Every structure is written in structure tokens, then in C-alpha cells.
């Protein structure tokens, strides 16, 4: 430890919530209350929006160059790397994420800030774009400027990282942001506020409001002076936010869950390498990954041998305290999530499916929301386990003979986030790239991504793209500037 105790971060200052409420920090490994966070309400949202509006109107932020904002982004990145070990420890204590994964997230945070710092440095030369028109009387160009005040509502699965995926491009674009992290994992996001204080980030450029979704997130979505909402989390929450934004014809982006498939063909070169990618696609982060490859679709010729290697690798996953450097599986984030995940596993048993491994809590761990990595077989398409996102370390399996059957099973979901194809056959991998009904496709792996690439899905996984140039462009207002250069009258109407 120690566990920080912070207030809300608004207009460059620490501010107590108007209603003075607090909500707890629970360590999911021990189930112990380890501290508390401020619980913001609509009165705090109003203050945060006024502070963000003040930033856009001030020279300190609203009139900065992209080069100037890039300096702030880099200074935040350097303070994150300086505090790396402390922040990774807090990330694990708060979320249950392993220390190794928490440390990888911190490096991804630095990399995300650096990527956007570079784009902010290129931004100003692309501010004004002359446009070719088939006319000599008109002169036109496209002007790109910050969109304004943006609300960023983020999830607990990558507490600081998911916040940065939104924060880094919003600040790079010149927007003033109001970040609303999950009430289940707010420590590192509140530490971002302290970092912004340390680097002298201009007042209102970033405002951090912790609290319950309906009380703190909800008012952002219905606020008259929030220009856009960027959301990552559950589909039912996304629908609520979009419904509230519709009343003010306010744009929103939604990065929602998935039921991503991993398709394993009989021509894979190495069974252990493919089995390891399968474990990674489903058990990493205790399966609390939107893009997790939760449905294994395996070719019948290798199914038996591949399942053997998969089960052997799975039973070798070290489940322990997340702070242990060699921990491979932490607990799920909360009691609510623990109950939800165990209910999915029990419903699968009651529907006729087979628990090939896991499905229980580990024997040596009496406390903590620990769920064993679970492999579910003898699964049919009508089962809840096949259709619904579990958000736990739970993999379900179906076999196939033909490529056509694999595509049909792969696309047999209402979601459309990611998908993976494991095969040595280059033309087959290209066919799957086109056929998978998703926003992300992995070939001979599952999960890796880079800042340079667009991230997002389709169907019930939502819309909009995070990262790459898309992340920044989501935060720009586009203007058409059209000038009449001819000295002649329009000559549409009759002169009096």
C-alpha cells in the first residue's frame, strides 16, 4: 500500500462532492474494504462542465497549439513511468488484475500518451485543408477544430488504460474532458488527477468525477453543454446513455461487449503455441476482456489432441494473490461479478453442457472472488453460454468439419467485436478476414493490438473506433469554409 484518499479533480483543484458522499474501495483478492472514493452527483457534473467550458474559452487551453498540448501529454506519460510500480500495485489492489498485467497496462498508458503526443504535433499542419472545386467563383477549405466538452465514461477492466484510450486523444484534439471511471476501480484515475496537478495541466482541461453510474455518469449523458459522450462498458448501460443523449441529439460512441470466436483448423503448425493463444484470448484478465475469444470453434480432426493440450495448459495456470509476480490468474473484480459468473457456469450444467475443467472456486483460496479457468464442452447453439457474454474466465467449445460450418458458427452471434483464425493456410485466413462479421480480426494469435490501429466492433458490440487517427478525429468538429470570390451578383432574383 498506502491507499490514497482523494476528492474529485475539477478545474485544476481537489473538490469535495457537493453532497459529501463516499463509496468504498474493496480489494477483490481479500474482500477487505481498503479505502473509499468520492461519490459525485449531478451538482458535481454541472461544476465539472462549467470548468471544462471555461478551459475551451481560455487561452491556457482553448487557444493552445497541438505542439503545446503534446508537451502536457508527454509530461503525464513521464510521471506515469516514474510512478509505474506504485500505480501497477494500486491497479492490482483495486481491480484484482495480476501485477504483471497491471505493469503491462502502465507501459501501454505511456505508449498511448506518446502516440497521441506525436499526432498532436502533426495536428496543426492539417488544421486547414484546401479543397479542389470545379469552379472559379468559389474558394473552399476544411477546418478542423476541437469538438468541445466531452464526457468519457469508462470501465473497471483496464481502469487507467481504458481511461487513457479516451483521455489521450481528447486532450490531443484540444477538447476539455470530464472522465467518469467505474466505481469498482477508480484509484489510478484519481491518481491521474494528482499527476495533472503535478504537471500543471490547465484548469478544466481534464476533470475526474468518481461515483455511481446513474448519479455521476447519467447527468453527463443528459447535460446541455456536453458536446459528445465516449462510452466503454456494458450494452444495457450503452443503450441507457444513448437514450439519454438522444433527447439532446448528442453524439455518442459505444464500445460494448462481445462473444468473439477463435477458429482452430487442423493445419496449425504447433498445438502448444495455438493452445497458449487460446488461453490468452479467454483467461487473461480473468476473462474480463470485451474482445475475449470466448467461443473455441475447433476442426474435428484435431479437436481431441488440441483439447488435451488446452486442458493441460489450463490446469497449469497459477491462481493466487495478484501481487505475486508469477500470478497468472487474479480474482474477478467484485462479489456481484463473482455471482454473475458462477450463475453462467451453473446454468450451463443445467442445460446439458459438460464442464471439462474448472467451474468451481480454487481449493487453496478461501477468500477472494476467485473463479477457476473453466472449459465447457458438449455445447449447442441454443445455450445461454454460447449466446451471452460471461465476462469471466469461461471458454465454451464447438467442433466443425468444413470451413463453411466454422464461418456459420463464428458468425452465429448478435455481437461483432473480434475474431481469430488459427491456420497455416494463407488464402483461408484471408477468406476469414472478409467473412468474420467483426471490427477486429486476429490471424495466428488472439488479443494483441497497437495504438496505430482502429479498435471497435459492429452489430451488438456497438460502433465507432478507438485508437489510431480515429481516436483523435472523434474529438474534432469539422467545418466547411466556402468563399464567393467573384465580383458579379448571384443573378438568381430580378433586380428592383
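Residue numbers count along the first chain shown, from 1.
For this session: Give the stretch, out of 279-287 and 422-430, with the larger mean C-alpha temperature factor in the deposited entry.
Result: If you average the C-alpha B-factors of 279-287 and of 422-430, the larger mean comes out for 422-430.
For this session: Report the stretch with the higher mean CA temperature factor, choosing between 312-320 and 363-371 on the basis of the entry.
Result: Taking the mean B-factor of the alpha carbons in each, 363-371 is higher.
Problem set entry | Candidate residues 146, 130, 193, 151, the one whose C-alpha B factor the record puts highest | Comparing C-alpha B-factors across 146, 130, 193, 151, the top value belongs to 130.
Problem set entry | Out of 186, 382, 411, 102, residue topping the C-alpha B-factor column of the entry | Among 186, 382, 411, 102, the PDB entry lists the largest C-alpha B-factor for 382.
Exercise. Residue 356: which third of its chain by C-alpha temperature factor?
Worked result: CA B-factor rank for residue 356: highest third.
Exercise. Should residue 74 be placed in the lowest, middle or highest third of its chain by the C-alpha B factor in the entry?
Worked result: Middle third of the chain for residue 74's C-alpha B-factor.
Exercise. Among the chain's modelled residues, which third holds the C-alpha B-factor of residue 108?
Worked result: Middle third, going by the recorded CA B-factors of the chain.
For this session: Rank-wise, by C-alpha B-factor, drop residue 124 into the lowest, middle or highest third of its chain.
Result: Answer is highest: the recorded C-alpha B-factor places it there.
Problem set entry | Modelled-residue ranking by C-alpha temperature factor, third containing residue 294 | Ranked within chain, residue 294 CA B lands in the lowest tercile.
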